[PDB]
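*Asks:* Below are the structure tokens for one structure; questions will follow.
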Amino acid sequence: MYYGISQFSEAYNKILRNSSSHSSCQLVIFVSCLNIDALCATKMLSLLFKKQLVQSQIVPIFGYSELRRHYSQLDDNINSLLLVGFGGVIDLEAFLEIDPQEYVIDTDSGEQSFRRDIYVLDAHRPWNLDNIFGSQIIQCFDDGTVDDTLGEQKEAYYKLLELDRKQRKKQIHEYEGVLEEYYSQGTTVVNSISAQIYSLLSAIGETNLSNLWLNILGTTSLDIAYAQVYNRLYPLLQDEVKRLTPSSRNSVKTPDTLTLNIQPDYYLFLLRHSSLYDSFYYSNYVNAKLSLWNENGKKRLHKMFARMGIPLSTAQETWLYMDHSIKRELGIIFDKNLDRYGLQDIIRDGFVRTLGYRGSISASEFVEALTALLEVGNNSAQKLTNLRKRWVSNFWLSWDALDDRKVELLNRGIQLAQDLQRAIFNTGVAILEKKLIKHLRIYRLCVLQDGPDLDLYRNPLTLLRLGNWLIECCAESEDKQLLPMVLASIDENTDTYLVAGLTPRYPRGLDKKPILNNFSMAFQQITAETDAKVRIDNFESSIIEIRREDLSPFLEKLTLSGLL
Amino acid sequence: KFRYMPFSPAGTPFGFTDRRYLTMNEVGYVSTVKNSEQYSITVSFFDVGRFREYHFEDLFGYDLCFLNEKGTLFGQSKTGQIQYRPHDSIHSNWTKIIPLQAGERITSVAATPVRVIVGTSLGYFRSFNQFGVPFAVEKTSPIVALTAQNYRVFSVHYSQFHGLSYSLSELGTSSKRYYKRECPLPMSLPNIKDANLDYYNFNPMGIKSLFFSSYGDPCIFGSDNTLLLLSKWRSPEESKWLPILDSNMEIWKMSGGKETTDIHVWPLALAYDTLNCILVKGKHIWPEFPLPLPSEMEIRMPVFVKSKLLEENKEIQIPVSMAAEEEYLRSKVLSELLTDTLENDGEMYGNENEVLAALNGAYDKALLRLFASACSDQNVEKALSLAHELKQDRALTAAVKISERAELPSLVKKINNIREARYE
Amino acid sequence: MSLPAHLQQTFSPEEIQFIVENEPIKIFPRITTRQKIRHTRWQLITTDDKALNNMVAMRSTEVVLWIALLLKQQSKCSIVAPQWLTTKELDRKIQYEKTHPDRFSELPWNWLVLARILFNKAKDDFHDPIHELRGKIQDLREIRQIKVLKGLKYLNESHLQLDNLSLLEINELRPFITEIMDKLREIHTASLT
């Protein structure tokens, strides 16, 4: 459909034809900040437009309210827009207040052209049909979803668009019935935005190891929450590492050799940058298998190190200084022992980059560093705006850390990630010890009223770290039914709760068709029904804000909702 | 008995690695990477203004390639699968299978703006048009190598029962001609340790590359590391092969007279006057994946007596008689190639007539530098022969000036007869 | 004043780069700009225009270094390192330096500047492995720095001779050698009647 995978070169050549001149800046990229995949996509896409000498402006955007503000004030000379990581699921023609008649030029002939193009690079679904069919200005990129999945919706969309009494009743309610089933699907991410732009670089003939690393980083960020998607794309990344890696083997290490191997990348927290003990203690997956919040879980961890034959005094050494024999024997120690605890799934092959003599970083460890930069790198309308300014300001810390010249900023990130995961854990234990997860039949509720350094959880990403930790913890327990989870946290200064709706997921080794985030409808439909004050402006529309006293009325109508 | 292997110009073996070049020439290069029982092929261009690189995954395991300015042709030697991929992708790719008998293989493939050409180890020769319509089946001596440039096709044939031979063709959109059919080819096969044998198991003929020069005169670079260019081929009764680089000698010369084993030439194209090639260094003869820049070797006629160079050097200095003998011969052959191009094809850059004028200028200056040696040794007879071959009437004034400076008044009078004879 | 104090009597290293960027360098074009007998054109005013309108892909040509770097910033060129940036020629210069304590070797005036430019911008275009070239550029840098420290024992009222010293090696020493020889001259001429 709009631009299928076969025809990304035509959309790119259309950008060059429309927006390349030495006279002016003509291209704007709007990127959702608070999304690593949109960050790695936009980094690749800027290195491309650098090499083509296309004068461009990148604007990081927090949410839909800022998208309208920034679009409203675009200089009329700007004739191409990229919307990277958002806007596929909203009607952009309605939302931005477009009327195509104010944008059309050279209408002659079975023909149109327009003074602006709006290219949507988005991996979320269900796609809004008035973008994918119902507009000539908005120009979505596709992984293949539309031709493979939307053929009944295409037909239903047009027969209903054409039809502006038995023969009518018999058909208008068939086609509205197809759209009414197409909406009333929950949200999901089905691709990485970076693997889409790498398949565009593959069409132009621009692939190299720097663009491949950004493709691996952008795609790795999915693994925590969309494991089913990482596993589709992972086979395709292995082939590209082989294709681009040079001939030499048994090579001497030199300050200039970049090597991007595929090798064991254990599912542990910041292994190469922390101790072997903290690697297990702060891992989501390990915590979920050993029940590691309570002190019998901590006994199971020591009892494992003792049985592996690693002293606690060695396991706690920083991984560089930990001894040369353990670090090469470790593959054999894990292949012997992890099976006893069911930790067998920790063995994984991943992508490991090392540059010169500065020591290896895995794609997993690098996205933990880049997210920690977005999260903590630095009158309610001012109290929101001077906070959303901070989250736009952090985007450029994560951006600059993608550069190899700036390893000191990556090393800030790798320290911040270890400060965060410790705070997530010290909060996640409080929730499980104090029994704060209430079972409400339709969903599970959790609400942080008070606690130490609670002022972290007002960033949408840090709330999702704690969400993904509580989800892994539940998803491995064999007695619990899988249920949607609502996680709420107060800001004592704004006097709102940040509320996040979370999908459950299957245990990390079991191998089904996906499950979808329908809080994105349930929150809108309850909001439209109530007189309560909320914000529904975030790009991940599973996340909302609500004033303190309105929350209990809101949850009281959420449990009644048939939409979950 | 002899074993037929698939050939592609400048392609390399896998050796111990998981990757090789299927081909290289003036357009670009192609490499294949072994990738868990399927392959990935990357096609790269030396001109990035005209062509955009691409890659695909190959399920079939192609081992033949030919790359030109219109498309890339792939073949799988053992199953007879061929595929043509045009470069604009306005035209579709196409795929076909050609009928191989038991133990038959495709030995090489080529493409022309209007034809795709396939040759096999039993010497069938199958033409398809540019869209995959069969146009012919000939039978020939088995074709061990093919090349094309525009409408010209050049093939090398070999069999135990026929010896080495070549054919040269110009198939055209109209007025098809075969210039030579199966004429004998004056090129050395190898003297049949693993540094050589891992290459000769892959390419038994030792043809490192087969190409046309940029002006469309055939070239071949054999196991003997000598570049042979076919002269005057547009008129078959006057054709000859010229050895225009002895590249072993030209390496020994630049490494200062060390017998040098760690360096090998790998040829890509002869632009006029200069072989584009990789100089490979190390114990394998062929280059590796980060393809080094094509170096340039200027062509040199093989008139360098190594023993004389040894005694006068004991950076290499070349005796000024030997240097003048080479520049006179090199200029005489290049001026004949340009002259025949300009007369039969016409110029493609306006410069070519100004190159030819400058090239005659280097010929007469080389002959006068030989005439000085003939005067120094007072061989008036040798001097008069050198003066008679001299072209410009204005350069023959220098011959009489040199003969007066040498005080050889016989040469003065004889040269004055040449002035009047050539004026008439 | 009109000119900043740190420029008043010397060049900044960025002005020493700008001077070196005005030299010819050999390249392999990856674009054919040459029109056939069977379009935009360069029209420059400080350098020879006739070399750029006649490029043919992979036949070498010379262009001014600031154009080679501007083409190499796209994929549209590759820069052929001079013959003296080879591990053979650098190792002959290192041997010369060790063998002749009394003299600097005949390296070109721009050798440190051009090594630093090409190792950053053209890192893939060397025939030798770039870590051995960086290693020998440092070996040469260090030997010449010893010979400079020996030379400064002779600062004088009359002159010095510094035959093969690079422009970048002169430019670091300029505000020391000339400032001290200026005070030795003032102390000397003051003594005269």
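Just so we're on the same page: first chain in the structure tokens is A, next is B, and so on; residues restart at 1 for each chain, and ligands are numbered from 1 in the order they show up.
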Give me the residues near residue 150 of chain A as a ChimeraX atom specification, where near means some atom within 10 Å (using only C-alpha atoms) and where sequence neighbours in that chain fewer than 3 positions away do not count.
*Replies:* /A:1,127,129,132,144-147,153-156,182
*Asks:* For residue 74 of chain C, work out the shell of residues within 10 Å, counting only C-alpha atoms and skipping chain neighbours fewer than 2 positions away, then give it as JSON, numbers by chain.
*Replies:* {"A": [50, 51, 52, 53], "B": [48], "C": [30, 69, 70, 71, 72, 76, 77, 78]}
*Asks:* Which of segment 189-220 of chain B counts as alpha helix (DSSP H) under DSSP, as a tab-separated table (two decimals) with N, CA, C and O atoms, in the first residue's frame please?
*Replies:*
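The result, stored in selection_9.tsv:
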```tsv
chain	number	residue	atom	x	y	z
B	194	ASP	N	51.40	-24.51	-2.27
B	194	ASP	CA	49.96	-24.28	-2.33
B	194	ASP	C	49.61	-22.82	-2.66
B	194	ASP	O	48.53	-22.54	-3.15
B	195	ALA	N	50.56	-21.88	-2.48
B	195	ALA	CA	50.43	-20.50	-2.94
B	195	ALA	C	50.02	-20.38	-4.43
B	195	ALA	O	49.23	-19.50	-4.77
B	196	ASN	N	50.53	-21.26	-5.29
B	196	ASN	CA	50.13	-21.37	-6.69
B	196	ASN	C	49.01	-22.41	-6.87
B	196	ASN	O	48.05	-22.15	-7.59
B	197	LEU	N	49.10	-23.59	-6.25
B	197	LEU	CA	48.15	-24.66	-6.54
B	197	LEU	C	46.74	-24.37	-6.06
B	197	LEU	O	45.79	-24.77	-6.71
B	198	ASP	N	46.55	-23.62	-4.98
B	198	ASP	CA	45.21	-23.21	-4.56
B	198	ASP	C	44.57	-22.24	-5.58
B	198	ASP	O	43.35	-22.12	-5.64
B	199	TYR	N	45.38	-21.58	-6.41
B	199	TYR	CA	44.91	-20.80	-7.55
B	199	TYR	C	44.71	-21.66	-8.79
B	199	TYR	O	43.66	-21.60	-9.41
B	200	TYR	N	45.66	-22.51	-9.17
B	200	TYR	CA	45.51	-23.33	-10.37
B	200	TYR	C	44.49	-24.46	-10.24
B	200	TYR	O	43.98	-24.91	-11.25
```
*Asks:* What's the 7 Å shell around residue 140 of chain A, counting only C-alpha atoms, without same-chain residues fewer than 3 positions away, as a ChimeraX atom specification?
*Replies:* /A:2-3,119-121,132
*Asks:* Using only C-alpha atoms, tabulate the residues of chain A lying at most 6 Å from any atom of chain B, each with its closest atom pair and that distance in Å to one decimal, by chain and increasing residue number, as JSON lines.
*Replies:*
```
{"residue": "A:205", "atom": "CA", "partner": "B:53", "partner_atom": "CA", "distance": 4.6}
{"residue": "A:246", "atom": "CA", "partner": "B:289", "partner_atom": "CA", "distance": 5.7}
{"residue": "A:247", "atom": "CA", "partner": "B:289", "partner_atom": "CA", "distance": 5.7}
```
*Asks:* Please report as number ranges by chain which residues of chain C come no farther than 8 Å from chain A, using only C-alpha atoms.
*Replies:* C: 73-74, 130-131
*Asks:* For those residues, write N, CA and C atoms to a file as a PDB file, in the first residue's frame.
*Replies:*
```pdb
ATOM      1  N   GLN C  73      34.497  13.366   1.243  1.00  0.00           N
ATOM      2  CA  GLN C  73      33.444  13.487   2.246  1.00  0.00           C
ATOM      3  C   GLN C  73      32.147  12.809   1.783  1.00  0.00           C
ATOM      4  N   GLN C  74      31.798  12.910   0.497  1.00  0.00           N
ATOM      5  CA  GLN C  74      30.915  11.936  -0.137  1.00  0.00           C
ATOM      6  C   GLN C  74      31.717  10.688  -0.521  1.00  0.00           C
ATOM      7  N   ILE C 130      47.309   1.191   8.326  1.00  0.00           N
ATOM      8  CA  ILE C 130      47.409   2.532   8.900  1.00  0.00           C
ATOM      9  C   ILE C 130      47.985   2.579  10.313  1.00  0.00           C
ATOM     10  N   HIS C 131      47.912   1.514  11.102  1.00  0.00           N
ATOM     11  CA  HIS C 131      48.514   1.496  12.430  1.00  0.00           C
ATOM     12  C   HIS C 131      50.043   1.451  12.399  1.00  0.00           C
TER      13      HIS C 131
END
```
*Asks:* Show me which bits of chain C are within 9 Å of chain B, counting only C-alpha atoms, as a PyMOL selection string.
*Replies:* chain C and resi 28-32+34-38+56-60+75-76+78+80+124-127
*Asks:* Choose the residue, out of A:38, A:61, A:381, A:203, that has the smallest atom-to-atom separation from residue 5 of chain A; count only C-alpha atoms.
*Replies:*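 Using only C-alpha atoms, the shortest distance to residue 5 of chain A belongs to A:203.
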*Asks:* Mind giving me the straight-line distance from atom CA of residue 219 of chain A to atom CA of residue 192 of chain A in Å, one decimal?
*Replies:* 5.5 Å
*Asks:* Can you pull out the residues contacting residue 264 of chain B? Cut-off 10 Å, using only C-alpha atoms, and skip same-chain residues under 6 positions away; I want them as a short mmCIF file (atom, residue, chain, number, x, y, z; two decimals) with N, CA, C and O atoms, in the first residue's frame.
*Replies:*
```cif
data_model
loop_
_atom_site.label_atom_id
_atom_site.label_comp_id
_atom_site.auth_asym_id
_atom_site.auth_seq_id
_atom_site.Cartn_x
_atom_site.Cartn_y
_atom_site.Cartn_z
N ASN B 225 52.28 -13.60 -16.43
CA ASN B 225 52.17 -12.21 -15.97
C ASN B 225 52.45 -11.15 -17.04
O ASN B 225 52.84 -10.03 -16.72
N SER B 247 55.12 -7.69 -16.53
CA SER B 247 54.93 -7.10 -15.21
C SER B 247 55.83 -7.70 -14.14
O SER B 247 56.06 -7.05 -13.13
N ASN B 248 56.44 -8.87 -14.34
CA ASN B 248 57.48 -9.38 -13.44
C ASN B 248 58.73 -8.49 -13.49
O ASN B 248 59.30 -8.17 -12.44
N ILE B 251 57.96 -5.00 -11.87
CA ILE B 251 58.05 -5.10 -10.41
C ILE B 251 59.51 -5.15 -9.95
O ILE B 251 59.89 -4.36 -9.10
N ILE B 278 45.28 -4.13 -9.02
CA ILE B 278 45.70 -4.20 -7.63
C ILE B 278 47.11 -4.76 -7.61
O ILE B 278 47.33 -5.85 -8.14
N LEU B 279 48.07 -4.10 -6.97
CA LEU B 279 49.29 -4.77 -6.50
C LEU B 279 48.95 -5.46 -5.19
O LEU B 279 48.74 -4.80 -4.18
N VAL B 280 48.87 -6.78 -5.21
CA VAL B 280 48.64 -7.63 -4.04
C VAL B 280 49.97 -7.84 -3.34
O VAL B 280 50.97 -8.07 -4.01
N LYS B 281 49.98 -7.82 -2.00
CA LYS B 281 51.16 -8.18 -1.21
C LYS B 281 50.83 -9.30 -0.24
O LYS B 281 49.76 -9.30 0.37
N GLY B 282 51.75 -10.25 -0.10
CA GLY B 282 51.62 -11.45 0.72
C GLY B 282 51.74 -12.74 -0.07
O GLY B 282 52.13 -12.75 -1.23
N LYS B 283 51.45 -13.87 0.57
CA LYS B 283 51.69 -15.22 0.03
C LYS B 283 50.56 -15.78 -0.84
O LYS B 283 50.75 -16.79 -1.50
N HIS B 284 49.41 -15.13 -0.88
CA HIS B 284 48.32 -15.41 -1.82
C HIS B 284 48.33 -14.39 -2.97
O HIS B 284 48.53 -13.20 -2.77
N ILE B 285 48.12 -14.87 -4.19
CA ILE B 285 48.26 -14.08 -5.42
C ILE B 285 47.12 -13.05 -5.61
O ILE B 285 47.27 -12.10 -6.36
N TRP B 286 45.98 -13.23 -4.94
CA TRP B 286 44.72 -12.53 -5.20
C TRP B 286 44.25 -11.65 -4.03
O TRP B 286 44.54 -11.97 -2.88
N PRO B 287 43.54 -10.53 -4.26
CA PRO B 287 43.19 -9.57 -3.22
C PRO B 287 42.06 -10.02 -2.27
O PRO B 287 41.32 -10.94 -2.57
#
```
*Asks:* Could you pull out the strand (DSSP E) residues of segment 80-303 of chain A from DSSP and send them as number ranges by chain?
*Replies:* A: 80-84, 104-105, 113-114, 117-121, 124-125, 138-140, 188-189, 258-264
*Asks:* List the neighbours of residue 498 of chain A out to 9 Å using only C-alpha atoms; skip same-chain residues closer than 4 positions along the sequence, and give me the result as a PyMOL selection string.
*Replies:* chain A and resi 457-460+463+487-491+543-546
*Asks:* For N, CA and C atoms, I'd like the residues from the last selection saved as a compact mmCIF listing (two decimals), in the first residue's frame.
*Replies:*
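Below you can see selection.txt, which holds the result:
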```txt
# COMPACT_ATOMS: atom_id res chain seq x y z
N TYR A 457 9.86 8.25 38.84
CA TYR A 457 8.80 7.57 38.09
C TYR A 457 7.84 8.47 37.33
N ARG A 458 8.05 9.78 37.33
CA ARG A 458 7.30 10.73 36.50
C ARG A 458 7.78 10.79 35.06
N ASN A 459 8.96 10.28 34.74
CA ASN A 459 9.34 10.04 33.35
C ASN A 459 8.61 8.80 32.83
N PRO A 460 7.92 8.81 31.69
CA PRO A 460 7.25 7.63 31.16
C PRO A 460 8.14 6.40 31.00
N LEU A 463 8.84 4.68 34.60
CA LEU A 463 7.66 3.93 34.97
C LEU A 463 7.61 2.61 34.19
N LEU A 487 -0.23 0.36 36.27
CA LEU A 487 0.77 0.86 37.19
C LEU A 487 0.67 2.38 37.28
N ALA A 488 0.38 2.90 38.47
CA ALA A 488 0.21 4.32 38.72
C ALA A 488 1.24 4.85 39.69
N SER A 489 1.76 6.05 39.47
CA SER A 489 2.68 6.71 40.39
C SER A 489 2.39 8.20 40.53
N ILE A 490 2.36 8.72 41.75
CA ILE A 490 2.07 10.13 42.04
C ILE A 490 3.27 11.04 41.76
N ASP A 491 3.02 12.24 41.24
CA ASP A 491 3.91 13.38 41.39
C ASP A 491 3.32 14.34 42.44
N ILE A 543 -0.30 5.34 28.18
CA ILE A 543 0.13 6.17 29.30
C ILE A 543 -0.67 7.46 29.31
N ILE A 544 -1.23 7.82 30.46
CA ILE A 544 -2.06 9.00 30.69
C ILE A 544 -1.67 9.66 32.00
N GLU A 545 -2.11 10.89 32.23
CA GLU A 545 -2.04 11.54 33.54
C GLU A 545 -3.42 11.93 34.03
N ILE A 546 -3.64 11.88 35.34
CA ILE A 546 -4.93 12.16 35.96
C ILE A 546 -4.74 12.88 37.30
```
*Asks:* Atom CA of residue 238 of chain A to atom CA of residue 45 of chain A: how many Å, to one decimal?
*Replies:*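 Distance between the two atoms: 21.7 Å.
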*Asks:* Nearest to residue 143 of chain C: which of C:9, C:22, C:95, C:161 is it, counting only C-alpha atoms?
*Replies:* C:95
*Asks:* Excluding same-chain residues fewer than 2 positions from segment 417-421 of chain B, what lies within 9 Å of it counting only C-alpha atoms, as a VMD selection string?
*Replies:* chain B and resid 387 to 388 393 396 to 397 413 to 415 423 to 424
*Asks:* Just the number, please: distance in Å from atom CA of residue 415 of chain A to atom CA of residue 500 of chain A, one decimal.
*Replies:* 26.6 Å
*Asks:* Do a neighbour search on residue 178 of chain C at 12 Å with only C-alpha atoms, toss out local chain neighbours closer than 2 positions, and write the hits as a PDB file with N, CA and C atoms, in the first residue's frame.
*Replies:*
```
ATOM      1  N   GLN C   9      52.062  37.665  15.301  1.00  0.00           N
ATOM      2  CA  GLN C   9      53.371  37.424  14.664  1.00  0.00           C
ATOM      3  C   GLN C   9      53.569  35.991  14.139  1.00  0.00           C
ATOM      4  N   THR C  10      52.512  35.189  14.073  1.00  0.00           N
ATOM      5  CA  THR C  10      52.566  33.757  13.756  1.00  0.00           C
ATOM      6  C   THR C  10      51.249  33.255  13.170  1.00  0.00           C
ATOM      7  N   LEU C 152      68.577  24.028  19.848  1.00  0.00           N
ATOM      8  CA  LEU C 152      68.332  25.166  20.736  1.00  0.00           C
ATOM      9  C   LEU C 152      69.459  25.471  21.724  1.00  0.00           C
ATOM     10  N   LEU C 155      71.237  28.932  20.253  1.00  0.00           N
ATOM     11  CA  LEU C 155      70.623  30.227  19.951  1.00  0.00           C
ATOM     12  C   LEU C 155      71.656  31.354  20.028  1.00  0.00           C
ATOM     13  N   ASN C 156      71.539  32.301  19.125  1.00  0.00           N
ATOM     14  CA  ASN C 156      72.649  33.081  18.621  1.00  0.00           C
ATOM     15  C   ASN C 156      72.247  34.538  18.385  1.00  0.00           C
ATOM     16  N   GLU C 157      73.181  35.471  18.337  1.00  0.00           N
ATOM     17  CA  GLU C 157      72.921  36.851  17.932  1.00  0.00           C
ATOM     18  C   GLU C 157      72.838  37.035  16.416  1.00  0.00           C
ATOM     19  N   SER C 158      73.281  36.064  15.610  1.00  0.00           N
ATOM     20  CA  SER C 158      73.451  36.261  14.176  1.00  0.00           C
ATOM     21  C   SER C 158      72.430  35.499  13.343  1.00  0.00           C
ATOM     22  N   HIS C 159      72.361  34.179  13.416  1.00  0.00           N
ATOM     23  CA  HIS C 159      71.420  33.371  12.640  1.00  0.00           C
ATOM     24  C   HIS C 159      71.344  31.932  13.135  1.00  0.00           C
ATOM     25  N   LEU C 160      70.413  31.156  12.589  1.00  0.00           N
ATOM     26  CA  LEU C 160      70.457  29.694  12.594  1.00  0.00           C
ATOM     27  C   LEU C 160      70.167  29.175  11.195  1.00  0.00           C
ATOM     28  N   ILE C 170      58.291  24.320  12.537  1.00  0.00           N
ATOM     29  CA  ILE C 170      58.708  25.712  12.627  1.00  0.00           C
ATOM     30  C   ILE C 170      57.665  26.505  13.383  1.00  0.00           C
ATOM     31  N   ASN C 171      56.390  26.228  13.160  1.00  0.00           N
ATOM     32  CA  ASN C 171      55.352  27.069  13.684  1.00  0.00           C
ATOM     33  C   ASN C 171      55.155  26.920  15.187  1.00  0.00           C
ATOM     34  N   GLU C 172      55.460  25.767  15.784  1.00  0.00           N
ATOM     35  CA  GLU C 172      55.460  25.602  17.237  1.00  0.00           C
ATOM     36  C   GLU C 172      56.652  26.313  17.899  1.00  0.00           C
ATOM     37  N   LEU C 173      57.814  26.350  17.245  1.00  0.00           N
ATOM     38  CA  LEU C 173      59.063  26.916  17.745  1.00  0.00           C
ATOM     39  C   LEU C 173      59.205  28.404  17.514  1.00  0.00           C
ATOM     40  N   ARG C 174      58.485  28.971  16.553  1.00  0.00           N
ATOM     41  CA  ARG C 174      58.606  30.370  16.161  1.00  0.00           C
ATOM     42  C   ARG C 174      58.556  31.317  17.347  1.00  0.00           C
ATOM     43  N   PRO C 175      57.527  31.333  18.208  1.00  0.00           N
ATOM     44  CA  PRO C 175      57.448  32.280  19.309  1.00  0.00           C
ATOM     45  C   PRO C 175      58.433  32.029  20.445  1.00  0.00           C
ATOM     46  N   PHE C 176      59.267  31.003  20.381  1.00  0.00           N
ATOM     47  CA  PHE C 176      60.349  30.773  21.324  1.00  0.00           C
ATOM     48  C   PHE C 176      61.697  31.147  20.721  1.00  0.00           C
ATOM     49  N   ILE C 180      63.682  34.607  21.970  1.00  0.00           N
ATOM     50  CA  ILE C 180      64.964  34.499  22.666  1.00  0.00           C
ATOM     51  C   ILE C 180      66.080  35.105  21.841  1.00  0.00           C
ATOM     52  N   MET C 181      66.173  34.832  20.541  1.00  0.00           N
ATOM     53  CA  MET C 181      67.199  35.448  19.709  1.00  0.00           C
ATOM     54  C   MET C 181      67.040  36.957  19.634  1.00  0.00           C
ATOM     55  N   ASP C 182      65.817  37.485  19.689  1.00  0.00           N
ATOM     56  CA  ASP C 182      65.561  38.909  19.861  1.00  0.00           C
ATOM     57  C   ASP C 182      66.140  39.455  21.163  1.00  0.00           C
ATOM     58  N   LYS C 183      66.038  38.790  22.315  1.00  0.00           N
ATOM     59  CA  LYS C 183      66.672  39.326  23.530  1.00  0.00           C
ATOM     60  C   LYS C 183      68.181  39.132  23.530  1.00  0.00           C
ATOM     61  N   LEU C 184      68.725  38.067  22.945  1.00  0.00           N
ATOM     62  CA  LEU C 184      70.173  37.942  22.782  1.00  0.00           C
ATOM     63  C   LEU C 184      70.743  39.053  21.906  1.00  0.00           C
ATOM     64  N   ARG C 185      70.061  39.420  20.826  1.00  0.00           N
ATOM     65  CA  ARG C 185      70.423  40.579  19.997  1.00  0.00           C
ATOM     66  C   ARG C 185      70.310  41.893  20.744  1.00  0.00           C
TER      67      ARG C 185
END
```
